[PDB]
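Data first, discussion second: the structure below is written as structure tokens.
Computed over heavy atoms, backbone and side chain alike; hydrogens, waters and symmetry mates excluded. Start at 1 with the first residue, then count along the sequence.
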Amino acid sequence: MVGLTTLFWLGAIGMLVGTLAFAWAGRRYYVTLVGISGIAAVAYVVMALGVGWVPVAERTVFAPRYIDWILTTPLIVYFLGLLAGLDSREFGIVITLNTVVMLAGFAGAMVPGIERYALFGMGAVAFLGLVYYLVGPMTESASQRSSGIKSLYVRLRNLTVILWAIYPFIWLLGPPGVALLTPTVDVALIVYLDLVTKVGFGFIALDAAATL
Ligand SMILES: CCCCCCCC/C=C/CCCCCCCCOC(=O)[C@H](O)CO
Ligand SMILES: CCCCCCCC/C=C\CCCCCCCCOC(=O)[C@H](O)CO
Ligand SMILES: CCCCCCCC/C=C\CCCCCCCCOC(=O)[C@H](O)CO
Ligand SMILES: CCCCCCCC/C=C\CCCCCCCCOC(=O)[C@H](O)CO
Ligand SMILES: *C/C=C(C)/C=C/C=C(C)/C=C/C1=C(C)CCCC1(C)C
Ligand SMILES: CCCCCCCCO[C@@H]1O[C@H](CO)[C@@H](O)[C@H](O)[C@H]1O
Ligand SMILES: CCCCCCCCO[C@@H]1O[C@H](CO)[C@@H](O)[C@H](O)[C@H]1O
Ligand SMILES: CCCCCCCCO[C@@H]1O[C@H](CO)[C@@H](O)[C@H](O)[C@H]1O
Ligand SMILES: CCCCCCCCO[C@@H]1O[C@H](CO)[C@@H](O)[C@H](O)[C@H]1O
Ligand SMILES: CCCCCCCCO[C@@H]1O[C@H](CO)[C@@H](O)[C@H](O)[C@H]1O
Ligand SMILES: CCCCCCCCO[C@@H]1O[C@H](CO)[C@H](O)[C@@H](O)[C@H]1O
Ligand SMILES: CCCCCCCCO[C@@H]1O[C@H](CO)[C@H](O)[C@@H](O)[C@H]1O
Ligand SMILES: [Cl-]
């Protein structure tokens, strides 16, 4: 009743609507949000059209998903870094930590043997370091800003930390890991998370930009 392609089209539409909404409201932050959801829109369309479905051993890996993540997640971290007022050196640490997470996940998905769990573990370790920087140094830094900016940062940070922490569990329980969850359920869960961590993220920012 509900196929993989239908789910991909749903993600595509959701990202498209977010993209147009952000572009209009911007008639730096607004341009970043267009990139976050705009890139994801393209990845989902490609996947909806059946492009980039790589067979690996016994499972199917969706390559556009990881290219999406590698480009859009640093933009989310960048957005949060601007809110917190990071110096260009602090940016380098967190964006480097982020890229290690994304690359490790991409590589582990593409490896058929058990070495893929070794790649997954390395992404997990780097993710814990990324969480430390969001909850600590970047929160210290955001404190120096107005009360409204600091409030916005804390809200987006909380959304980001809680939801991003769920992805490694979905990956591990799905086809890439112990292939418990079926591809359809696993995809459905990730489409939901992608939409909330990108389009939901964006709309919470828009809401605060009008409350000024
Ligand atoms: C715009 C954000 C600016 C911040 C970004 C910071 C650094 C981003 C890191 C980029 C390196 C990503 C490499 C992409 C992998 C391409 C393999 C593609 O190969 C393939 O096609 C698959 O193997 C197919 O199965
Ligand atoms: C300065 C005041 C600004 C006030 C706000 C005005 C916003 C008007 C401009 C853009 C609206 C963006 C929402 C996208 C609607 C497209 C739905 C199109 O319907 C669909 O989604 C199709 O069925 C499939 O894509
Ligand atoms: C250390 C600090 C250095 C500062 C680094 C800044 C990095 C980020 C800078 C600008 C954000 C890039 C936005 C990309 C928009 C293009 C996607 C467009 O997406 C699309 O494909 C279409 O929209 C599809 O409809
Ligand atoms: C001031 C802003 C500066 C921004 C700097 C961002 C640069 C970060 C770039 C690359 C980080 C590479 C980490 C390599 C681990 C990837 C594991 C996956 O790789 C592998 O496992 C093997 O290579 C595959 O054979
Ligand atoms: C818009 C897309 C988003 C916010 C995607 C987020 C994805 C993650 C936080 C994934 C994290 C992972 C780990 C922590 C370990 C390795 C496997 C990953 C890539 C699923
Ligand atoms: C500052 C004006 C609003 C933000 C401009 C975003 C610049 C990136 O390009 C954007 O691509 C989108 C479609 O791919 C369009 O919807 C935007 O209008 C376009 O500006
Ligand atoms: C004058 C109104 C400008 C609208 C916002 C700036 C548009 C930025 O344009 C974007 O810049 C990127 C390079 O960083 C390119 O890769 C993108 O393709 C391009 O759309
Ligand atoms: C804004 C327009 C961006 C267009 C990006 C489309 C990317 C999908 O391009 C795809 O790349 C594959 C490479 O093997 C080919 O097999 C597919 O035929 C092709 O559709
Ligand atoms: C060669 C490996 C498969 C990738 C190429 C086949 C693409 C099949 O998909 C087609 O791609 C087109 C891209 O514009 C779409 O317009 C069509 O609606 C779609 O049916
Ligand atoms: C069959 C033996 C494994 C097949 C190839 C495993 C793929 C690991 O190579 C991966 O390719 C891409 C290159 O940047 C990225 O995903 C990763 O950086 C890299 O680890
Ligand atoms: C901009 C983000 C979307 C980029 C996704 C492009 C992924 C292309 O991926 C390709 O798809 C084809 C399968 O149909 C090829 O045959 C595969 O080998 C694969 O490399
Ligand atoms: C946002 C949409 C929610 C849909 C939740 C997923 C429920 C459908 O999950 C089912 O899984 C089976 C395999 O596991 C079938 O093969 C699928 O056709 C699908 O019907
Ligand atoms: Cl996958």
Taking all atoms of both residues into account, what is the closest heavy-atom pair of [X] and [Y], and its distance?
X: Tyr44; Y: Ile190; result: OH-O, 4.0 Å
X: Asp68; Y: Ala43; result: CB-CB, 3.6 Å
X: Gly11; Y: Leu195; result: O-CD2, 4.0 Å
X: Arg116; Y: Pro176; result: NE-O, 3.2 Å
X: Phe22; Y: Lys198; result: CZ-O, 4.4 Å
X: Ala25; Y: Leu206; result: CB-CD2, 3.8 Å

Is any side-chain heavy atom of [X] closer than 4.5 Å to a side-chain heavy atom of [Y]?
X: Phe91; Y: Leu82; value: yes
X: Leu33; Y: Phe201; value: yes
X: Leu83; Y: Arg145; value: no
X: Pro175; Y: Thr60; value: no
X: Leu75; Y: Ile39; value: yes
X: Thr160; Y: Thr197; value: no
X: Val46; Y: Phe8; value: no
X: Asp194; Y: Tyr167; value: yes

If the condition is side chain to side chain contact (heavy atoms under 4.5 Å, CB included), which residues does [X] pass it with, not counting sequence neighbours?
X: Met102; value: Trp69, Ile70, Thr73, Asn98
X: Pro112; value: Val56, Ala57
X: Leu7; value: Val2, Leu10, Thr184, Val187, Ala188

How far does [atom1] of [X] sit from [atom2] of [Y], to the nearest 0.5 angstrom?
X: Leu103; Y: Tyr66; atom1: CG; atom2: OH; answer: 12.5 Å
X: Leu173; Y: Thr182; atom1: CG; atom2: OG1; answer: 11.5 Å
X: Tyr133; Y: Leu80; atom1: OH; atom2: CG; answer: 16.0 Å
X: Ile76; Y: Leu71; atom1: CD1; atom2: CG; answer: 11.5 Å
X: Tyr132; Y: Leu128; atom1: OH; atom2: CG; answer: 13.0 Å

Should side-chain heavy atoms under 4.5 Å link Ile, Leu, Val, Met, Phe, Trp and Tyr, which residues sit in the same cluster as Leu119?
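The other cluster members (ILVMFWY side chains, heavy atoms under 4.5 Å, direct or chained) are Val111.
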When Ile, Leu, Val, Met, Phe, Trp and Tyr are grouped by side-chain heavy atoms lying under 4.5 Å apart, directly or through other members, which residues fall in the same group as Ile13?
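Members alongside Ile13: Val17.
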Give a yes or no on whether the backbone of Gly177 and the side-chain of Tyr117 come within a donor-acceptor separation of less than 3.5 Å.
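Present.
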Report yes or no: does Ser151 contribute a side-chain atom to a donor-acceptor pair with the main-chain N or O of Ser147 at less than 3.5 Å?
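A pair under 3.5 Å: no.
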Pairs flagged by salt bridge (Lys or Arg N to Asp or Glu O under 4.0 Å) wherever residues 50-66 is involved - sequence neighbours left out
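Listed by first then second residue: nothing to list.
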In terms of ring plane angle, is the pair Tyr29 and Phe79 parallel, tilted or perpendicular, where the classes change at 30° and 60°?
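Correct class here is perpendicular.
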